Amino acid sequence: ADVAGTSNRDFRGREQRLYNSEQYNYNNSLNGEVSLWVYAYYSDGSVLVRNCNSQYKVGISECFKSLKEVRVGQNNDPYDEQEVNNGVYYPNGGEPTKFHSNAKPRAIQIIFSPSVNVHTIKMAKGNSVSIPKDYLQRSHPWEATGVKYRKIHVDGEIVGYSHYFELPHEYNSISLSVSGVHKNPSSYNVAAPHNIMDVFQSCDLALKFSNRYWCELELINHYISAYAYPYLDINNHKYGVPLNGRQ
């Protein structure tokens, strides 16, 4: 046989490149996943991830309470934190023993898989009682924030998209929903009658994941890197696996 890495008959090499290219392109096909991660960062350095993976479109919807840090199996002062909730839903509305709950997120990162179309991204960043813009009567139920999403590049490939905002002020008390639609450069509408019921089933079939990792390092190591997910850390370092046309 020919010698490795010297000719056009390195079929092992060609197969490796095709395998990676096939995965990249499968993900972008209408058969493929689109994925959404919402990261809530807490002052103790831990990070809650909410993830949903689904065909056609994907979303996550959280309220003020559900974004709060919960240390499973440890003390969370649940009565005091209910009083925090009461005091955040209406000023002077509760009697907790604290001015600022350390269970409040300090920041949010939203990451989409590379198979999203950024023009379809919508976000409802609402107030603490789940209204998009102060009062329902004046609220558009979402903002289209795609122009703010940064490309996560690795080796010149877009491995995902990130929108990051800090919540450093005392009044940054939010509710949050996010939605994105899978790429569809074809004119075949996946939700027109020929395929519409499959999109309804995709709502059933969407797989969700949630966990609180003790720090960003642990998240990078045992979540992001373990499962070939895109990520952008606090030092603006990019994580992901470039696949298209690559060995």
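When you see a residue number, it is the position in the sequence shown, counting from 1.
Engineer: Using only the Cα atoms and their B-factors as the entry lists them, report which of 69 to 77 and 83 to 91 averages higher.
Structural biologist: Mean CA B-factor is higher for 69 to 77.
Engineer: Checking the record values for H100, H119, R138, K148, which has the greatest CA B factor?
Structural biologist: Most elevated C-alpha B-factor of the set, per the entry: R138.
Engineer: Using the temperature factors in the entry, find which of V47, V190, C203, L36 has the highest value at its Cα atom.
Structural biologist: Of the candidates given, the C-alpha B-factor peaks at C203.
Engineer: Which third of the chain does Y19 land in by C-alpha B-factor: lowest, middle or highest?
Structural biologist: CA B-factor rank for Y19: highest third.
Engineer: In terms of the CA temperature factor given in the entry, to which third of its chain does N127 belong: lowest, middle or highest?
Structural biologist: It belongs to the middle third of the chain when residues are ordered by C-alpha B-factor.
Engineer: Is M197 in the lowest, middle or highest third of its chain when residues are ranked by C-alpha B-factor?
Structural biologist: Tercile = middle for this residue's CA B-factor.
Engineer: Ordered by C-alpha B-factor within the chain, which third holds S175? Give me lowest, middle or highest, please.
Structural biologist: Answer is middle: the recorded C-alpha B-factor places it there.
Engineer: Would you check the entry's CA temperature factor for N31 and let me know if it's in the chain's lowest, middle or highest third?
Structural biologist: As the PDB entry reports it, the C-alpha B-factor of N31 lands in the middle third of its chain.
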